[PDB]
Amino acid sequence: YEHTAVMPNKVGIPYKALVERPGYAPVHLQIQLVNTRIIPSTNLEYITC
Amino acid sequence: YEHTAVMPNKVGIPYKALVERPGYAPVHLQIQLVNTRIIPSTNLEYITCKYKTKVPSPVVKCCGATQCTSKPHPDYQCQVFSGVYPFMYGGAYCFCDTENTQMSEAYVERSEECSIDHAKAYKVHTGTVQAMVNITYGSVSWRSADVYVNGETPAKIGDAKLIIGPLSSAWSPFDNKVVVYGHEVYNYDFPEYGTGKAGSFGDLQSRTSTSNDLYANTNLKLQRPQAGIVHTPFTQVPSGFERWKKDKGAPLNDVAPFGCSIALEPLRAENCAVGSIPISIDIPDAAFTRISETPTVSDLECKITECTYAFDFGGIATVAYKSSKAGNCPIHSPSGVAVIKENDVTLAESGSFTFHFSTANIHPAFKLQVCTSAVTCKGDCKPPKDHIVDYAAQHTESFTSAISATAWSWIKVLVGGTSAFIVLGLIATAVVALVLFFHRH
Ligand SMILES: *[C@@H]1O[C@H](CO)[C@@H](O)[C@H](O)[C@H]1NC(C)=O
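How each quantity is defined
Each chain's residues are numbered sequentially from 1 according to the written sequence, a convention that need not reproduce the entry's numbering, and residues without coordinates are excluded. Written order decides the labels, with chains lettered from A and ligands numbered from 1. Taken together, the chains in view make up part of a larger assembly, and the values describe this part alone. Computation of side-chain values covers all heavy atoms of the structure but excludes hydrogens and water. Working definition: a disulfide is two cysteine sulfur atoms within 2.5 Å of each other. UniProt positions are given in the numbering used here, feature names are shortened, and annotations may be inferred rather than shown by experiment. To qualify as a helix, a DSSP run of H or I must reach at least 4 residues; to qualify as a strand, a run of E must reach at least 2; elements of each kind are numbered from the N terminus. Burial status follows relative accessibility: with a 1.4 Å probe on protein chains alone, a residue under 20% of its type maximum counts as buried, one over 50% as exposed, and anything between as partly exposed. Each patch is assembled from residues with relative accessible area greater than 30% and no salt bridge, linking like charges that lie within 9 Å and nonpolar side chains (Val, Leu, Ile, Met, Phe, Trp, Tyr) that lie within 5 Å. In this description, accessible areas are obtained by the Shrake-Rupley approach with a 1.4 Å probe, and a residue is regarded as covered only by the protein chains that are shown. Salt bridge, as used here, is a side-chain nitrogen of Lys or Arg placed within 4 Å of a carboxyl oxygen of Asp or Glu. Taken from the helix axis, the directions to the C-beta atoms give the arc we talk about. The contact rule is simple, with two residues in contact once any of their heavy atoms fall within 4.5 Å. Polar contacts, as counted here, are pairs of nitrogen or oxygen atoms within 3.5 Å of one another; within protein the pair requires one atom able to donate a hydrogen and one able to accept it, and residues that are adjacent in sequence qualify only if both atoms are side-chain atoms. Near is defined per residue: the residue qualifies when any heavy atom it owns lies within 4 Å of the molecule or strand. Nonpolar residues are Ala, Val, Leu, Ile, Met, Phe, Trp, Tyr, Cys and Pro. Charged residues are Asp, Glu, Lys and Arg, and all others, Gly as well, are polar. Pairing between strands is defined by DSSP: at least two bridges between them are needed.

Judging from the entry metadata, cryo-EM is the method by which this structure was determined, and 2.86 Å is the reported resolution.

Written out as structure tokens, the structure reads:
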């Protein structure tokens, strides 16, 4: 059963919801981010020393 | 006790009802069709298969000539070819160079594959309709029997006498002519026996697969033998049976309306969802319990806790009650709004019970019958999530099933707006006409 939502981009703050499936009792869902990483693509231009 | 009703011609969908006999507690009745079979009356016209051409040894007359005679063979051919000078392994067969004749013969017969690979042409007329039913009533468990859908032949099912009326529709998937090839049935307008054309389906026709009288119509023509060669060449139109098998198209098995399934022994169309079935079932008198001998149910309150108008039993309701004797109690909803999954419940002195139901209505409002009593259930239903399901709907949708309370408000406002506004003009006209009357008087 697919549950769709939008959670804030926060680390350490859990996203909580009840997954409501017709005919079934709600299932509590908790999604928490441990870390989020922006990993850009880089090309070495040169080395200075 | 006789119970009469009309149930839809739906296989696998149960018919549920309460048998209400005054002075006795209602007995819950459930009738479910296992299968429905339309069995037309068929008459075999002829058998078609791939032909085989028989070619007897030719007669080679040296230094002379012979003549052909007719023979009683299918598509028989005979031709005398003069001026032949055949050779064999031993050299020239005949001495004379020109006074030399070869007589060739050929005729058509059924191929050996005709014993297994052939098509049967049947004339199809109306016939018997049969069905198998699964029936329960009260405390009697499921019993089943094969019945005739004619309204005249009774059946004894679990000591109950059932009479099934004729289908409300005379529809049948078979035309007046069908061709049975293998497991497939075709609505093919085959040519009558003796009128088949070369290269077409009926080029070869036989009344039976063992008949000694075979009709064949091919352009079997004897050709002149090649110079110096002893053989019997001929030309003939390719078999129309093999041609038909290539072009036979979609069988009735694949195109029959109403989901009909086609079976061959006997030829019949099964589980066609057409019309309705009048019924009459006699419930034994011993199955009824007097009112005073059954528990009394009152103080009913029905709460719908969940509802989706899905094809499955998407609704759930909880019914609070108070009752005496704490016995078993039949449950039924006579309204077409919702179909109840449970047939009966076990009651305590006081408490509540739940039941499941299926409905197409966005706002269900239905009467639930509880043995000797009844309660009205109302609620709202959500749309289903699945676009496509692999099971048929348990409920029947009505004209107003989709109309929401918001839609009803708009419909009532538009109707009420014009009704009040038009009447206002009519009222104003009637009053002003009277005012002018009093101006004169
Ligand atoms: C009648 O219904 C019951 C339902 O459990 C089933 O077990 C039984 O096989 C059915 N009878 C036939 C002939 O299908």
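Draft legend 1. Looking closely at the UniProt feature "disulfide bond" in chain B. All names here are of chain B. Agreement with UniProt is obtained for the disulfide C260 to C272: its S-S length of 2.0 Å falls short of 2.5 Å. Taken as a pair, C260 in the loop between helix 2 (252–255) and strand 20 (261–264) and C272 in the loop between strand 21 (267–270) and strand 22 (276–282) lie far apart in primary sequence, 12 residues in all. Take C260 and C272: they sit in the same class, and that class is buried. In textbook terms, a disulfide joins two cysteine sulfur atoms at less than 2.5 Å, and UniProt's bridge between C307 and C381 fits this description with an S to S distance of 2.0 Å. Placement of the pair is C307 in the loop between strand 23 (297–306) and strand 24 (315–323) and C381 in the loop between strand 30 (373–378) and helix 3 (405–440), with a sequence separation of 74 residues. The pair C307 / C381 is uniform in exposure class, with both members buried.

Draft legend 2. Broad picture of a nonpolar patch on the surface. Residue and element names in this part refer to chain B. Side chains of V423, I427, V431 and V435 sit close together on the surface and give an oily, nonpolar patch of about 300 Å² of accessible area. Within the secondary structure, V431 sits in helix 3. Owing to a relative accessible area of 47%, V431 belongs among the partly exposed residues under this scheme.

Draft legend 3. Molecular detail of helix 1 (residues 240–247) of chain B. All names here are of chain B. Every buried residue belonging to helix 1 is among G240, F241, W244 and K245, and all of these are buried. End-on, the buried residues of helix 1 take up no more than an arc of 145°, which puts them together on one face. Exposed residues pointing more than 90 degrees away from the buried face of helix 1 are listed as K246 and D247. Those residues of helix 1 that are buried are in contact with strand 3 (27–48), strand 10 (119–137), strand 14 (177–181) and strand 15 (184–186). Two or three places before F241, at the start of helix 1, stands the capping residue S239, its side-chain oxygen 3.4 Å from that residue's backbone nitrogen. Remark: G249 follows helix 1 within two positions and exhibits a positive phi of approximately 80°.

Draft legend 4. Highlighting the site of the ligand. Residue and element names in this part refer to chain B. Taken together, the neighbourhood of the ligand is formed by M132, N134, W142 and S144. At 2.3 Å from an oxygen atom of the ligand is found a side-chain nitrogen or oxygen belonging to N134. Calculation on the ligand without its partners gives an accessible area of 360 Å², and the protein chains cover 40% of this total. For the shell around the ligand, the elements supplying multiple residues, two or more each, are strand 10 and strand 11 (140–148). Looking at the shell around the ligand residue by residue, the classes come out as two nonpolar, two polar and no charged.

Draft legend 5. Structural context of the sheet that holds strand 26 (residues 339–340) of chain B. Residues and elements named next belong to chain B. Reading across from one edge, 23-24-28-26 is the order of the four strands in this open sheet, with antiparallel pairing throughout. Two strands in the sheet have a free side with no partner beyond their single neighbour: strand 23 and strand 26. The pairing of strand 23 with strand 24 spans seven bridges and is classified as antiparallel. Across the sheet, the residue bridging to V297 is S323, located in strand 24.

Draft legend 6. Local environment of the side chain of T359(B). Residues and elements named next belong to chain B. Locating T359 in the fold gives a position in the loop between strand 28 (350–358) and strand 29 (365–370). Residue class for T359 comes out buried when judged on its relative accessible area of 1%. A distance of 2.7 Å separates a polar side-chain atom of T359 from the backbone oxygen of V337. A distance of 3.1 Å separates a polar side-chain atom of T359 from the backbone nitrogen of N361. Excluding its chain neighbours within four sequence positions, the residues that come into contact with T359 are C307, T308, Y309, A310, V337, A338, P364, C381 and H395.

Draft legend 7. Structural view of the environment of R37(A). All names here are of chain A. Structurally, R37 is set in the segment after strand 2 (27–31). Classification of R37 by relative accessible area gives exposed; the value is 61%. Through-space distance from the C-alpha of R37 to that of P26 is 32 Å; in sequence the pair is 11 residues apart. Among the polar contacts listed, one links the side chain of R37 to the side chain of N35, at a separation of 2.7 Å.

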